[PDB]
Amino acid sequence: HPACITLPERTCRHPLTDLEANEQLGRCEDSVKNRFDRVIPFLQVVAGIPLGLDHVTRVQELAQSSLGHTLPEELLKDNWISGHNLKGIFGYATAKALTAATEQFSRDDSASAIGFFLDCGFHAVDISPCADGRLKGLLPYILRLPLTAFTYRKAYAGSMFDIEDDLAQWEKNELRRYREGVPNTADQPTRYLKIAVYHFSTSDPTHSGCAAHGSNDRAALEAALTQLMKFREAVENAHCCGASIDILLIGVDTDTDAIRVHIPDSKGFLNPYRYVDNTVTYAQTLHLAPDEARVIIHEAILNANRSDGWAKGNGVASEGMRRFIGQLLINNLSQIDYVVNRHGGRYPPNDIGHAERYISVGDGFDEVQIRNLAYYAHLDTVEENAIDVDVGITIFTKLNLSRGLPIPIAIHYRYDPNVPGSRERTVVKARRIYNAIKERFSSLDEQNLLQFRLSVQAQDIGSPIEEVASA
């Protein structure tokens, strides 16, 4: 094991691990995944019920006791040709599992978390990981970054984030600084921070890596880094008077959830060979007092910046950037422990690759950001992001269709309840996505192999999720 040397015969507990958070995060992961996974054994039972004799009450009762809810009668009308509506019941029960999980974990830290970004020199934190379900837990698990109005997470196949869209967000955010002074006034020396996250598997590099880059780790890193550079060039060249941003590249080993963070130089440039590997930091501080362990991490970040040769930079990163990076590394130590303590090593064989329960498209769920729960593609149209959609369907062809299960798809968007007509335009959008995915995969749709749930939610964190009909 690359972080916990003594495994399997002795388990590591890191002195910087937040134990209560790891408990809460574990309860959340098991409970949520259970809600989805228990649908499958339930369907097997339904499938064995004899056709031809009434079994409505029998099915409704089993649903109540197995899933904790009833089913609508019209899904319990067998069709004379194909029998039980297993596809329809799967889609319904899966939508209910999502409702229950988001209601249960719906959510002070708010202002303290933005205060921390501000102090590090950032007025926004915009993060783009790969769409792969094993980065779905990126914010609450891998990085332990609290949800705030200025923390974005927009996932794309291969981390290939939308440059024009990100430019538009930069513009909106900067205008708000000028007009309202939120989260700070425009005279303050802060920058918009864009983070890209690439991933790899250390136990199965050539098969379990980023498939968008052919499981070539070098190509995945370089694509993510090139996208960051291209976004910086857009902001700098599209706007006069020294417009700029900060960039950060993070790599994730999906086997252990450990990060490696690429350290910028004093000019904000990144290098593929200049980084702190948290697996080595974990091992180097495992036997230290908490305060000493923090000093080592602070020193490891600085040491990365004194590098010459291949890793040579123009000086050290700003103090705020180095503080920010130290906190990510510190948080991530808890996550390395999380996996170690739950699995006695790396994630088990059934959780090393893709094991997503649904595809999420749109703005994503704040409430259920859990590893391998969902493949998440941020998009406003299928037309502009067709590849991200095609990659999720490919993944779900192996996961679900290979075993006769439909692909469940959650379409979800945020709106502004203070803006007249915002809710309606968002609903119209949600319904365009639905029709556009149906038209793109029309034979899958004809077989009832695509099961959709549309929803909308006010932009404030903690707002109720509002389900909307497909028409």
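The first residue of the shown sequence is 1; numbering continues from there.
- In the deposited entry, the stretch joining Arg107 to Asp108 is interrupted by 4 to 9 residues of the deposited sequence lacking coordinates.
- As the entry records it, the average C-alpha temperature factor is higher for 110-118, out of 328-336 and 110-118.
- Higher average CA B factor: 48-56, of the stretches 48-56 and 400-408.
- Comparing C-alpha B-factors across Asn237, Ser266, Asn385, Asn173 in the deposited entry, the largest value falls on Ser266.
- Of the candidates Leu193, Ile359, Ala311, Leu98, the one whose C-alpha carries the top B factor in the deposited record is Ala311.
- Sorting the modelled residues of the chain by their CA temperature factor places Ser455 in the lowest third.
- The PDB entry assigns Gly209 a C-alpha temperature factor belonging to the highest third of its chain's modelled residues.
- Ranked by C-alpha B-factor against the other modelled residues of its chain, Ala430 falls in the lowest third.
- Remark: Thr394 belongs to the middle third of its chain, ranked by C-alpha B-factor as recorded.
- Ranked by C-alpha B-factor against the other modelled residues of its chain, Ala436 falls in the lowest third.
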